[PDB]
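Lettering of chains follows the sequences in order, A, B, ..., and the numbering in each one begins at 1. Every heavy atom of this structure was used, including side-chain atoms; hydrogens, water molecules and symmetry mates were not.
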There are 4 protein chains.
Amino acid sequence: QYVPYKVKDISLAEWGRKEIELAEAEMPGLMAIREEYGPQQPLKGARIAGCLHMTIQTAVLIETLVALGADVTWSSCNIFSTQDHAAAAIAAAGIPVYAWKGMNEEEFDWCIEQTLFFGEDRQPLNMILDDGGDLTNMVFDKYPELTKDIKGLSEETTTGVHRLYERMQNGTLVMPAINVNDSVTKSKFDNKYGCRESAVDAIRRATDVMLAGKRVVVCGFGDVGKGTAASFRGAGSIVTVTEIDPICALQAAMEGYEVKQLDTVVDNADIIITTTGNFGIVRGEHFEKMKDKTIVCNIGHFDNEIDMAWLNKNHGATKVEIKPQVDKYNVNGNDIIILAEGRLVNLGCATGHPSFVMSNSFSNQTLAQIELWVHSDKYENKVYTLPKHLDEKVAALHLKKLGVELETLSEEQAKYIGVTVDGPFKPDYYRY
Amino acid sequence: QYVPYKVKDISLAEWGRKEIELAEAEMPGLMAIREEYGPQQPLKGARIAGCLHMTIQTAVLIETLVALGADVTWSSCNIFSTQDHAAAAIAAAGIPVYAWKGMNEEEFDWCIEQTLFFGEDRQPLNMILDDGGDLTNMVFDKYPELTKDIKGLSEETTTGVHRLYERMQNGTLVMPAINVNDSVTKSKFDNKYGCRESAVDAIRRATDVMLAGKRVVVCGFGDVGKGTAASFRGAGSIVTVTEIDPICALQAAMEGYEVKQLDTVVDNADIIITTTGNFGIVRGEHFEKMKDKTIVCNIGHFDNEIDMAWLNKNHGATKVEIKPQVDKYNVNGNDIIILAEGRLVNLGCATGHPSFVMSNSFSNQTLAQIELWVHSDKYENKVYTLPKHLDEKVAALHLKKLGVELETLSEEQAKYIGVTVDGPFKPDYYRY
Amino acid sequence: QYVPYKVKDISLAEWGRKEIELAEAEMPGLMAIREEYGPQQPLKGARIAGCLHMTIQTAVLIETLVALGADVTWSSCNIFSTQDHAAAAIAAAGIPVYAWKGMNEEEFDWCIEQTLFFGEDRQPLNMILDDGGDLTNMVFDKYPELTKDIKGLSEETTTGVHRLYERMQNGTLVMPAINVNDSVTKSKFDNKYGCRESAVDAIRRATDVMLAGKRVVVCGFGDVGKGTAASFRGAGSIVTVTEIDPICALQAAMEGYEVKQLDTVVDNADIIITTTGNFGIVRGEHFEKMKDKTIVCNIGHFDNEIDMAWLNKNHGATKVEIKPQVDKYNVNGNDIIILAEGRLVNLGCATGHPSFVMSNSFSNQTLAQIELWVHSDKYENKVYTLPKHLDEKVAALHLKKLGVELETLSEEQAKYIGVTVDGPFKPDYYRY
Amino acid sequence: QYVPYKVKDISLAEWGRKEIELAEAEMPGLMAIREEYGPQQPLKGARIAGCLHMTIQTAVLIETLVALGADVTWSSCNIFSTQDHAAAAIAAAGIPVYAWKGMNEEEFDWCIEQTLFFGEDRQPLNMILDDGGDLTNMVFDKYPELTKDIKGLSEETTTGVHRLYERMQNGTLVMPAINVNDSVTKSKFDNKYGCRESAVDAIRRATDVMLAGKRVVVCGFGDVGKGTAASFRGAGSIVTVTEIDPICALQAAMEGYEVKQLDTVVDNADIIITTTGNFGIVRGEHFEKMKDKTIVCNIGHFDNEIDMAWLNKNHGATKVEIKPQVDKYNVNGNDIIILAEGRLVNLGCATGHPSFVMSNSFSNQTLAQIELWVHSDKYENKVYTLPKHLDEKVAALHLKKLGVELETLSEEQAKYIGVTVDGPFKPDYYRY
Ligand SMILES: NC(=O)c1ccc[n+]([C@@H]2O[C@H](COP(=O)([O-])OP(=O)(O)OC[C@H]3O[C@@H](n4cnc5c(N)ncnc54)[C@H](O)[C@@H]3O)[C@@H](O)[C@H]2O)c1
Ligand SMILES: NC(=O)c1ccc[n+]([C@@H]2O[C@H](COP(=O)([O-])OP(=O)(O)OC[C@H]3O[C@@H](n4cnc5c(N)ncnc54)[C@H](O)[C@@H]3O)[C@@H](O)[C@H]2O)c1
Ligand SMILES: NC(=O)c1ccc[n+]([C@@H]2O[C@H](COP(=O)([O-])OP(=O)(O)OC[C@H]3O[C@@H](n4cnc5c(N)ncnc54)[C@H](O)[C@@H]3O)[C@@H](O)[C@H]2O)c1
Ligand SMILES: NC(=O)c1ccc[n+]([C@@H]2O[C@H](COP(=O)([O-])OP(=O)(O)OC[C@H]3O[C@@H](n4cnc5c(N)ncnc54)[C@H](O)[C@@H]3O)[C@@H](O)[C@H]2O)c1
Ligand SMILES: Nc1ncnc2c1ncn2[C@@H]1O[C@H](CO)[C@@H](O)[C@H]1O
Ligand SMILES: Nc1ncnc2c1ncn2[C@@H]1O[C@H](CO)[C@@H](O)[C@H]1O
Ligand SMILES: Nc1ncnc2c1ncn2[C@@H]1O[C@H](CO)[C@@H](O)[C@H]1O
Ligand SMILES: Nc1ncnc2c1ncn2[C@@H]1O[C@H](CO)[C@@H](O)[C@H]1O
């Protein structure tokens with residue numbers, strides 16, 4: 001039977017609403033887009049299923065989509081990332097949301113599947129909004145009959161984008177897709193500066209440990225690794241980076257970090273955090289070398305960066321929960337502290353990124369949903385990014401809140417550098 | 001009638017004990033002092049009343065004093081700083097503790113008064129361990145008859161030390177006192193690096209706001225102000241400092257901060273945090289100038305740095321609690337967000353300093369209690385500090401945990417610079 | 001008549017050679033390329049005219065090209081950037097170099113023109129190696145008859161690349177061109193980290209001023225602006241950034257800088273430095289507002305970022321040379337200090353970037369010259385970049401010198417993220 | 001016969017004067033003291049011999065003393081620290097100065113001895129102004145007959161202060177002495193922030209090496225070590241600190257540096273710089289372990305921190321001068337680069353600290369000379385410091401130049417914290 005929503009505790013809605021109102025003031029881009037596109041109702045007729053961490057920030061995105069005319073259903077893309085008071089507030093607003101903090105895997109799948117059908121009539125979704133690819137996979141692999149009537153999808157994160165390029169190479173991408181991750185105002189702000197805000201936050205809330213003087217190994221120096229390393233360095237930690245990519249490794253050395261193999265530094269590390277989007281970064285052989293009370297955690301999208309299966313099989317019998325999402329294992333006499341069972345730690349042990357940086361990602365997300373819903377016929381079954389002018393517009397919408405003033409080119413200065421006075425200001429290859 | 005303890009929820013003890021065990025590993029100085037002085041039972045016969053934030057870290061101090069032979073009673077020195085699971089664990093260990101998070105002022109006084117008498121026999125305390133001076137004032141002002149049999153007191157923080165110098169000038173200091181605040185390993189580590197760890201932590205847990213690009217006004221640039229400014233700068237904030245002292249102001253300018261009057265910067269500040277130990281820093285006239293959703297908080301010892309009386313009198317009728325210790329007031333159309341009702345915010349909205357830095361303060365605290373209990377007859381009714389050799393010993397006890405190696409002077413190098421090979425290494429005027 | 005070289009003082013060669021030998025040890029990429037391609041003589045038959053700051057670093061590039069088989073002639077692309085002992089050493093090695101520090105504009109052109117013809121026979125060049133486009137313009141505009149026998153050109157810097165895209169749009173690019181600037185290992189290392197090394201260096205050598213606590217306005221926050229801002233911030237300055245581009249402006253705010261219009265901050269600035277590659281950044285109206293003894297300088301390619309014509313016309317009569325390339329003007333009673341007559345200040349008042357970062361740029365430059373000389377027939381009269389594998393190779397060649405260790409993907413980890421174990425590791429759109 | 005001055009080249013005076021005028025604008029404290037005390041001629045009758053690095057900054061000090069009524073003679077306290085154009089300008093002003101860059105030791109002593117007698121009449125000095133103790137030792141040890149008529153001495157640096165405490169313990173301090181080093185506005189600004197400005201400066205001018213990613217070993221973490229470590233960290237270097245003092249070592253770990261024995265890190269260091277004021281820090285056994293082209297230098301007062309005797313005895317025969325004060329030795333196949341022959345490197349290879357920070361030290365120096373000349377009868381043959389009010393006054397005189405605004409206490413706020421509204425604001429034990 002139809003289930004209108006499912007949340008941990010609907011009585012948390014009042015608290016969630018108070019925090020949503022504060023978040024709105026910190027998300028000027030989303031609120032400006034609400035205001036500019038509200039009158040036009042661009043998303044009228046859309047039935048968007050979203051699969052994205054059910055946080056206070058996501059609530060503002062959800063209510064922006066509704067404000068633009070859409071019908072929306074929602075689930076979280078991680079079992080530990082929902083903020084229960086945010087979910088309760090969205091449920092109390094009449095929006096079908098299926099999400100709570102601490103789901104098991106069967107519940108996680110069940111929540112996604114509820115979002116595919118709208119109302120008692122079970123009307124199918126016609127738009128996909130994804131973070132990591134699990135909703136995309138659910139529809140494409142388990143409900144392929146529905147794709148004929150879905151106009152397109154947007155994908156929010158690096159890991160889900162890679163899965164979309166797997167599908168292109170495999171001939172299994174059956175609709176247009178906009179890669180929101182690689183808007184400049186997403187990748188270079190959310191992935192990097194968002195993790196700078198929220199990585200140390202999660203370690204502090206989980207463990208309360210002193211960070212100054214601790215040796216922190218950051219595995220990876222992509223956008224998440226850059227921000228995560230900066231997070232700990234700004235708290236006084238001594239950060240060593242690992243990398244496979246010689247360009248990213250040289251960047252870390254130029255920023256004043258040592259860059260070593262994990263095997264070189266594992267036996268003296270105080271904290272190890274993975275940022276790679278790969279698998280098998282922290283293995284049984286590494287756990288066997290760690291010193292007592294080493295904290296191990298992951299801020300990449302999936303928990304398989306850390307071999308939790310090995311740890312639970314070999315040392316799970318004497319696992320002790322310190323408190324929820326802070327587990328202590330004993331490996332041959334040395335305690336190992338695992339945060340959020342190896343799941344993305346900033347959302348699992350804290351609240352993820354702050355509202356202001358998520359306003360950039362979610363402004364891109366909203367513009368992508370508009371573009372697909374209105375203009376999907378103009379696109380092939382390939383992966384696209386938003387045009388640079390829209391990327392620039394998203395950034396510009398956040399400047400007044402910060403007291404940032406921009407210069408204005410004269411027409412002659414603009415011609416001198418080969419641009420127009422209203423932009424775009426950079427060639428499409430520019431890397432910022 | 002005698003009350004053996006009073007805590008919020010004794011069933012939190014198991015969780016508290018798990019966190020105490022983790023804290024012990026992060027407090028090598030305290031555990032080393034336990035180990036060195038345990039066999040000697042130096043505190044046998046002592047009945048120490050302590051008045052100090054009832055945190056996990058304080059639990060390790062309490063159990064160190066007991067391990068050294070003392071009987072101990074305890075209360076918190078702030079109405080919001082107790083960690084209820086730490087209090088429960090100490091209560092379950094059989095130690096008289098009277099403390100919970102969120103006391104009112106009548107309860108705060110009642111808790112202190114219970115600590116003055118030991119057991120059903122109501123045996124009076126004979127040692128004072130204080131943080132801020134309220135326990136000292138309670139005994140000296142309200143129970144003066146008890147001071148004849150108290151061997152001495154130690155005082156942990158800058159504000160309580162100043163009160164002790166008031167008493168010296170006033171002829172009302174009636175026992176020897178050791179100033180633990182001004183051990184180098186306390187003032188220059190706890191006050192500064194501890195606030196670097198815990199100031200931003202509290203703002204994040206309370207508000208989840210983005211700190212990068214925010215204008216943060218840090219009022220004061222003493223040890224707490226230096227650490228607090230560093231806290232926000234390391235998170236990407238744009239910090240402006242205020243000061244009355246031209247030397248401290250010049251330090252802030254040399255560290256790359258603007259230094260302005262609060263009146264110059266109040267109307268564009270995103271966060272204002274007071275660190276002065278003074279009163280009347282943030283006044284009604286300042287609230288009237290703040291922009292919408294400015295966060296105002298205090299990390300000095302007492303809440304009177306912010307004129308909360310003015311704010312509650314003039315705008316309390318429409319106060320909204322966002323969540324506990326996060327209050328929203330509307331001042332002439334602009335929201336003002338107050339953290340922890342103006343009480344010390346790192347303990348009120350987070351967990352205070354981390355264990356490792358508190359091990360330095362509490363190692364000094366333990367050595368001071370030993371020195372007074374054993375050698376109080378060798379002291380006048382004046383304020384003293386521990387000798388530099390003990391200060392150096394405290395620092396040395398924390399080096400191995402961090403992987404710090406020290407050089408050893410040859411006898412000839414030691415003579416060259418005028419020291420002995422075992423220290424002390426600096427003249428008593430050295431400022432570090 | 002043929003002139004074999006022209007330098008300030010050939011007796012500086014011994015000193016130049018000693019510094020070249022030290023630079024070789026700091027340029028592992030260039031020396032590795034020498035070693036790998038030396039036996040193959042890939043540049044046999046090439047007659048490369050180079051127009052690029054005649055520094056110690058450029059000497060190692062010149063001798064690498066010769067080591068690979070090329071005949072080379074050389075001039076500097078700026079009137080103040082030659083290091084006379086580097087020029088003398090190259091002249092003493094028998095290489096035709098025409099360059100000294102402090103040329104006038106007629107001499108600058110004369111030096112370029114000598115490089116176009118090789119030996120007493122006046123054999124024409126057949127390869128162009130340019131930095132800024134002035135050599136390209138000299139050949140294309142003044143000696144167009146020579147382009148038929150030139151196989152291609154490489155261009156090293158952002159400003160010259162823009163000129164190449166002007167030529168493409170104008171139908172005046174008559175040979176293949178490789179954009180070396182936008183190798184990742186050039187733009188994201190030289191432009192950014194190189195200016196971090198050398199911007200403050202130049203201000204210190206020129207003026208010896210205290211940088212801590214000074215208000216520095218960095219105009220622009222592209223790669224040069226990012227590095228320049230970091231240069232001054234790391235010295236304790238209080239940096240404000242200006243920008244036209246909302247994405248770059250938001251980056252600066254997220255990095256903890258205020259971002260304002262120059263007009264907002266000009267009257268209180270202590271140092272103003274331009275990084276834009278535009279013109280007309282610092283105008284007469286700005287000079288009229290500056291406070292006494294403000295230092296004004298430019299680190300973009302051309303001096304027209306600052307309106308030096310206005311300053312010399314209106315206030316040149318009382319100009320005082322403090323020392324060479326440090327000039328003091330009096331504007332309505334306030335002194336203005338101009339560095340290097342507004343020409344790129346890191347090369348004009350110091351020695352430009354250090355050897356290690358120039359090894360990255362010049363490794364790319366060498367590989368580009370090889371690719372064009374060997375494979376120019378495979379290219380159209382368009383602008384190209386080197387493939388990502390070569391970019392990665394350049395970075396990898398510099399890791400051992402720094403003690404950087406790289407992880408190696410398993411074949412299964414490589415397939416998981418969609419790469420091969422030997423790279424390239426990132427999609428072509430990746431921005432680092 | 002009497003010699004009126006001795007400098008390298010008097011024709012450098014015009015250049016020196018231009019730079020002195022710029023320095024005056026950067027030394028508001030000295031110029032304010034000139035202005036306040038000029039009318040009173042407090043130093044009338046004084047004959048001050050100064051022995052202090054003959055830099056542009058020292059020229060402003062010299063001319064301030066003359067402006068206050070004193071007769072002055074001067075020499076430099078280091079063989080490499082004189083700025084010849086500063087010396088020429090002072091000589092051209094009619095002031096007896098005996099100093100040039102690159103003296104030998106016999107010349108160094110000869111210069112000091114000329115300063116002891118004034119004019120053709122050979123009138124003896126009656127005031128000593130010293131930096132390091134060599135002038136003090138010259139008078140006390142070689143001209144003891146003169147001390148009866150010298151009213152007192154001031155001493156500027158940590159090393160000379162220690163020598164004064166040696167003399168107190170030895171009963172050989174025969175006049176009052178003011179320790180200028182340990183004014184707060186000297187030790188905590190000059191020693192620390194001055195070296196932050198000038199340590200990296202010297203390495204860049206001498207070697208032009210890339211600092212990002214280099215491993216720099218800073219020996220010592222006193223005030224000079226703190227500033228020197230910050231210098232290199234702000235340039236992107238990876239700094240490891242060495243220490244004998246557990247408090248200073250813990251400070252470095254809390255600031256995010258590794259802290260190791262030199263023996264642990266010597267074989268992989270790129271730069272080693274000594275800051276201890278001790279001897280025998282870098283020994284033959286260390287040189288034998290260094291890798292090729294390691295840069296070794298010293299920023300403590302005396303060159304014996306590095307065993308230059310060992311290096312010259314064992315490897316001097318193949319020493320190569322790269323350029324003046326940059327020497328290359330070959331130790332068993334590895335090149336070692338020595339800066340300034342091991343003498344204080346910021347003055348030997350660059351220009352020492354900038355004017356603004358020296359204005360703080362030299363404002364203290366001027367007030368100390370006034371206090372001794374006027375009030376020496378009120379002092380014993382002991383070491384004294386200036387009162388805190390004068391320390392605060394010195395800092396306050398530099399605030400307007402930086403745009404620093406100070407708050408003003410109300411009388412009630414002042415009483416609350418136990419001070420007066422005009423200061424002093426801190427107890428005498430305060431460490432800042
Ligand atoms: N938790 C968050 O809030 C958050 C935010 C954004 C993205 N993400 C996720 O974080 C992950 C990383 O994202 P990104 O944008 O930084 O990707 P990225 O491609 O920019 O960076 C990943 C880096 O990992 C490196 N790497 C790969 N395998 C490695 C190995 N074996 N050892 C060391 N380094 C290795 C790569 O060379 C690359 O530089 C993805 O899973 C992404 O979805 C999480
Ligand atoms: N929350 C914590 O964990 C924590 C830690 C240590 C100390 N403390 C408390 O914090 C406070 C500050 O301690 P501290 O050690 O930094 O003291 P401090 O004396 O070193 O610094 C206080 C600073 O405030 C400045 N100041 C005074 N009045 C001012 C005003 N009107 N405007 C601007 N600046 C002003 C003073 O000049 C001084 O530099 C005290 O109340 C102390 O007990 C709290
Ligand atoms: N001196 C050096 O060693 C060195 C090194 C590399 C490049 N360069 C030169 O430096 C210049 C900048 O190079 P880049 O790679 O940073 O280019 P870029 O395109 O990455 O950055 C230039 C920035 O200037 C900004 N800008 C343009 N007009 C502006 C204005 N009126 N006000 C404020 N900002 C404005 C643009 O938005 C852009 O972000 C070029 O001339 C380049 O050739 C010099
Ligand atoms: N070059 C400059 O401009 C400049 C400026 C100020 C002072 N100085 C000189 O620099 C030196 C240091 O001055 P300071 O004020 O920092 O003194 P300081 O006493 O504050 O610091 C010296 C530090 O060296 C440490 N140390 C001693 N022997 C050591 C060893 N064997 N290994 C490691 N660490 C060791 C000590 O523990 C101490 O912390 C003195 O010679 C002083 O005169 C130079
Ligand atoms: N507070 C948050 N709310 C929603 N999504 C978030 C939050 N913090 C991080 N994320 C997102 O989580 C993704 C990782 O799956 C990142 O792409 C990032 O955009
Ligand atoms: N976690 C903590 N436990 C106990 N005391 C703390 C903690 N964090 C800060 N403090 C103390 O609170 C005092 C302020 O009253 C400071 O002197 C500091 O030592
Ligand atoms: N030391 C140096 N030698 C040669 N070129 C340099 C040096 N420092 C900077 N440059 C170059 O100058 C160019 C600006 O015209 C930049 O692209 C950069 O590569
Ligand atoms: N530019 C300078 N002029 C004069 N003295 C200086 C300069 N830079 C550093 N010093 C001084 O050199 C001393 C070391 O002998 C330090 O105490 C410091 O005050």
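- With A/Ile273 as the partner, the side-chain contact (heavy atoms from CB on, under 4.5 Å) test is satisfied by one option alone out of A/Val239, A/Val345, A/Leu339, A/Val217: A/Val345.
- Two residues are said to be in side-chain contact when any heavy atoms from C-beta on lie closer than 4.5 Å; A/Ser355 and A/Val60 fail this criterion.
- Of all heavy-atom pairs spanning A/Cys111 and A/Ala99, the tightest one is SG-N, 4.2 Å.
- Here A/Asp335 pairs with A/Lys293 in a salt bridge; the nearest charged N to carboxylate O distance falls below 4.0 Å.
- Residues B/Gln325 and B/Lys101 form a side-chain contact, since some pair of their non-hydrogen atoms from C-beta on lies under 4.5 Å apart.
- Counting only heavy atoms from C-beta outward, the side chains of A/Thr264 and A/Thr240 never approach each other to under 4.5 Å.
- Between A/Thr185 and A/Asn364 the shortest side-chain heavy-atom distance falls below 4.5 Å.
- Note that NZ of A/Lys18 is 6.0 Å distant from CD1 of B/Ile322, once rounded to the nearest 0.5 Å.
- The environment of A/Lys323 atom NZ is dense: over 12 non-hydrogen atoms of other residues, nucleotides or ligands sit within 6.0 angstrom.
- In terms of modelled atom types and a separation under 3.5 Å, the side chain of A/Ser76 and the main chain of A/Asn78 share a donor-acceptor contact.
- For A/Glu321, the CD atom is densely surrounded, since the number of other residues' heavy atoms within 6.0 Å is greater than 12.
- For the atom pair CD1 of A/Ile337 and CG of B/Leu22, the computed distance is 5.0 Å after rounding to the nearest 0.5 Å.
- Residues D/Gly256 and A/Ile238 approach most closely at O-CG1, 3.6 Å, considering heavy atoms.
- Here the CG atom belonging to A/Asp270 is positioned 6.5 Å from the OG1 atom belonging to A/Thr294, to the nearest 0.5 angstrom.
- For A/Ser231 and A/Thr228, the side-chain atoms include no donor-acceptor pair closer than 3.5 Å.
- Judged by distance alone, the side chains of A/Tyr193 and C/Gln251 never bring a donor and an acceptor atom under 3.5 Å apart.
- Contact check for A/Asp134 versus A/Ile112: side-chain heavy atoms found under the 4.5 Å cut-off.
- Annotation for A/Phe362 and A/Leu30: closest pair O-CD2, 3.6 Å, computed over non-hydrogen atoms.
- Remark: side-chain polar atoms of A/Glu107 are paired, donor with acceptor, to backbone N or O of A/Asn104 under 3.5 angstrom.
- In terms of modelled atom types and a separation under 3.5 Å, the side chain of A/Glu243 and the main chain of A/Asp245 share a donor-acceptor contact.
- For the residue pair A/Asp190 / A/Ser361, a side-chain donor-acceptor distance below 3.5 Å is found, with atom types taken as modelled.
- Checked by atom type, the side-chain pair B/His53/B/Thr58 shows no donor-acceptor distance below 3.5 Å.
- Nearest approach of A/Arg204 to B/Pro354, heavy atoms of both residues: NH1-CG, 4.4 Å.
- With respect to the salt-bridge test (charged N to carboxylate O, under 4.0 angstrom), the residues A/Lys291 and A/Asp267 do not qualify.
- Note: A/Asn312 CG to A/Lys319 NZ = 6.0 Å, rounded to the nearest 0.5 Å.
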Please walk me through it: do C/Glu255 and A/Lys226 pass salt bridge (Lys or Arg N to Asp or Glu O under 4.0 Å)? CA-CA 13 Å; C/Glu255 314 283 354; A/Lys226 285 172 171 75; over 6 Å; no
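- Contact detail for A/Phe221 and A/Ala229: the closest heavy-atom pair is CE1-CB, 3.9 Å.
- For the atom pair CD1 (A/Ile62) and CH2 (A/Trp74), the distance works out to 5.0 Å, reported to the nearest 0.5 Å.
- Between the side chain of A/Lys186 and the backbone N or O of A/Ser363 there is no donor-acceptor pair closer than 3.5 Å.
- Between the A/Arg163 side chain and the A/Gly132 main chain, a donor and an acceptor come within less than 3.5 Å of each other.
- B/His398 and B/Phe356 have perpendicular rings, their planes meeting at more than 60° on a 0 to 90° scale where under 30° would count as parallel.
- Looking at heavy atoms from C-beta onward, A/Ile281 lies out of side-chain contact with A/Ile272 at the 4.5 angstrom threshold.
- No option in A/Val224, A/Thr275, A/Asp182 other than A/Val224 meets the side-chain contact (heavy atoms from CB on, under 4.5 Å) test with A/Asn191.
- Every side-chain contact (heavy atoms from CB on, under 4.5 Å) that A/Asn298 has, sequence neighbours left out, goes to A/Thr274, A/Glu305, A/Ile306.
- Classification of A/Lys214 and B/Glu26 as a salt-bridged pair holds, one side-chain N sitting under 4.0 Å from a carboxylate O.
- A/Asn304 and C/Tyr416 are linked by a side-chain donor-acceptor pair at a separation below 3.5 angstrom, with hydrogens and angles left out of the test.
- C/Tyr432 pairs by the ring pair (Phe, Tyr, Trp, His ring centres under 6.0 Å) definition with C/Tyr430, not counting sequence neighbours.
- With A/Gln83 contributing its side chain and A/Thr351 its backbone, the two residues share a donor-acceptor pair below 3.5 Å.
- Of the possible polar contacts, none joining the A/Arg205 side chain to the A/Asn346 backbone as a donor-acceptor pair under 3.5 Å is found.
- For the pair A/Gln57 (side chain) and A/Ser359 (backbone), a donor-acceptor distance under 3.5 Å is absent.
- Here the OH atom belonging to A/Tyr329 is positioned 12.5 Å from the CE atom belonging to A/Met290, to the nearest 0.5 angstrom.
- Judged by distance alone, with hydrogens and angles left aside, the side-chain atoms of A/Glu197 form a donor-acceptor pair with the main-chain N or O of B/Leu211 at under 3.5 Å.
- Looking at A/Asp9, its side chain never comes within 3.5 Å of a backbone N or O of A/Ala88 through a donor-acceptor pair.
- Nearest heavy atoms, B/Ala87 versus B/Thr82: CB-CG2, 4.0 Å.
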